[PDB]
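Residue-level structure breakdown
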Amino acid sequence: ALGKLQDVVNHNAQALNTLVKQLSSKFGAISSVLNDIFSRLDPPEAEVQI
Amino acid sequence: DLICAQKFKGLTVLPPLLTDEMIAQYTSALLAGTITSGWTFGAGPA
Amino acid sequence: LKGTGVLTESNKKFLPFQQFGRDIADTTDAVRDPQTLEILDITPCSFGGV
Amino acid sequence: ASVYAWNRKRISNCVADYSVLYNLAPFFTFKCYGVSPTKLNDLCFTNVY
Ligand SMILES: *[C@@H]1O[C@H](CO)[C@@H](O)[C@H](O)[C@H]1NC(C)=O
């Protein structure tokens, strides 16, 4: 009976989850971790990945 | 555990200003007014 | 692996082959010392809003 | 060896010191992909070929 209210709650949760899952994408870079990029590349060519 | 995982990424939740007891108090006041006064308390004195 | 945080003794049951752990967000959560083979949990130190 | 019969050597379980390589004649080419050579012998690798 109380689906509508529950829907609201569920929606918000979903959004947050999606946002977290976007932190594992590299968007065409060499890695998803900033520390690896900075510790493996010299700054003149490390700017494009960042 | 999901709340802590979200918190360690900078995402947090703020509490409402009115608590549940306060909202229940509003509802009880409205119910008492309509039971004892009809519709007179919505237009002036009860 | 370069990071910042607090290192504590964890109760994770790494099986002998597993070296480091990950969380839901797919980031390093626990590590293993390559001098004592001890499992250490990593937690960012305290922060908040003002 | 010849280029059609190039030799492959496996390097593992050691301390990789890349500092001491500028000891031959000045080499024309020293080019790295995915990593920089500017004193970046502070990384740890699984195996070397
Ligand atoms: C080799 O590493 C182990 C830990 O894995 C350490 O206990 C030992 O002392 C090391 N060997 C030497 C010769 O120090």
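Right, let's walk through the structure included here.

Reading the values: the criteria
- Residues numbered from 1 in each chain as written, not as in the entry; some residues may be left out.
- Chains lettered and ligands numbered in written order.
- Part of a larger assembly, values for the part shown.
- Heavy atoms only, no water.
- Contact = heavy atoms within 4.5 Å.
- Buried area = accessible area lost by both parts, 1.4 Å probe.
- Polar contact = N/O pair within 3.5 Å; in protein donor to acceptor, adjacent residues only side chain to side chain.
- Salt bridge = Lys/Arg side-chain N within 4 Å of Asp/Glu carboxyl O.
- Helix = DSSP H or I, 4+ residues; strand = E, 2+ residues; numbered from the N terminus.
- Buried < 20%, exposed > 50% of the residue type's maximum accessible area, 1.4 Å probe, protein only.
- 1 Å grid on protein atoms, 1.4 Å probe; cavity = no way out; pocket = protein on both sides within 12 Å on 5 of 7 lines; lining within 4 Å.
- Points joined across faces, edges and corners; volume = space filled by probe spheres on them.
- Nonpolar A, V, L, I, M, F, W, Y, C, P; charged D, E, K, R; others polar.
- Pairing = 2+ DSSP bridges.
- Axes fitted to C-alpha atoms, helices over the stretch in contact; angles between N-to-C directions.
- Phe/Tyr/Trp six-rings, centres within 6.5 Å; stacked < 30°, edge-to-face > 60°.
- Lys NZ or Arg CZ within 6 Å of the ring centre and 35° of its normal.

Our focus in this paragraph is the interface of chain A and chain D. Accessible area lost during the coming together of the parts is what is often quoted as the interface size. In this assembly, 5 residues from chain A lie in contact with 7 residues from chain D. For the pair chain A and chain D, the two sides together bury roughly 400 Å², of which 49% comes from carbon and sulfur. Looking at the side of chain A facing chain D, the largest losses of area belong to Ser39(A), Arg40(A) and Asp42(A), adding up to 75% of the total buried there. Counting every contact that joins chain A to chain D gives 4 residue pairs in polar contact.

All right, on to the pattern of salt bridges then. Under the counting rule described, the total for this entry stands at 4 salt bridges over all chains. With a closest N to O distance of 3.4 Å, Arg40(A) and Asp36(A) form a salt bridge. Of this pair, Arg40(A) and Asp36(A) are both found in helix α2 (residues 34-40), 4 residues apart, which corresponds to roughly one turn of the helix. Of the residues examined, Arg40(A) reaches a relative accessible area of 34% and is grouped as partly exposed. A salt bridge links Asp26(C) to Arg22(C), with the shortest nitrogen-to-oxygen separation between them at 3.6 Å. Judged by relative accessible area, which is 42%, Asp26(C) ranks as partly exposed. Overall, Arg22(C) belongs to the partly exposed group, its relative accessible area being 47%. Several salt bridges converge on common partners, so that one network encompasses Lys12(C), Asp29(C) and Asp41(C).

Here we come to empty space enclosed by the protein. Here the idea is plain: a probe the size of a water molecule rolls over the atoms and shows the empty space left. Counted by the stated rule, this structure contains 1 cavity of 30 Å³ or more. Every element with two or more residues in the lining of the largest cavity is listed here: α1 (3-21) of chain A together with α1 (2-7) of chain B. The leading source of residues in the lining of the largest cavity is α1(B), at 3 residues. Residues belonging to the lining of the largest cavity are distributed by class as follows: 5 nonpolar, 2 polar and no charged.

What follows concerns the interface of chain A and chain C. Taken together, the contact between chain A and chain C spans 5 residues of the former and 4 residues of the latter. When chain A packs against chain C, the two sides together hide about 400 Å² of surface, and 69% of this comes from carbon and sulfur. The interface formed by chain A and chain C holds 0 salt bridges in total. Summed over the shared surface of chain A and chain C, the number is 0 residue pairs in polar contact. Broken down by secondary-structure element, the contributors of at least two residues to the side of chain A that touches chain C are α1 and α2 of chain A. When the residues that make up the side of chain A that touches chain C are grouped by side-chain class, the tally is 1 nonpolar, 3 polar and 1 charged.

Residues and elements named next belong to chain C. Here we have 3 strands laid out as an open sheet, ordered β1-β3-β2, and antiparallel in their pairing. In this open sheet, the two edge strands, each paired with only one partner strand, are β1 (6-9) and β2 (30-32). Taking the axes of each pair of neighbouring strands and ignoring which way they run, one obtains an average angle of 35 degrees across the sheet. Sheet analysis places β1 next to strand β3 (residues 39-43), joined by 4 bridges and oriented antiparallel. Residue pairing across strands places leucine 7 opposite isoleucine 42, the latter belonging to β3.

Attention now moves to the packing of aromatic side chains. Going through the model one piece at a time under the given rule, you end up with 2 aromatic pairs over all chains. Both rings, one in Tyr22(D) and one in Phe27(D), keep their centres 5.7 Å apart while their planes meet at 45 degrees; by these two values the pair is tilted. For the pair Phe27(D) and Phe30(D), a centre-to-centre distance of 5.6 Å together with 80 degrees between the ring planes defines the contact as edge-to-face. Classification of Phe27(D) by relative accessible area gives partly exposed; the value is 37%. Grouped by ring-pair contacts, the aromatic residues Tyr22(D), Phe27(D) and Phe30(D) constitute a single cluster. Stacked on the ring of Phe47(C), the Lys or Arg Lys7(B) has its end atom at 4.6 Å from the ring centre. In this structure, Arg8(D) packs its charged tip against the face of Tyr49(D), placed 4.0 Å from the ring centre.

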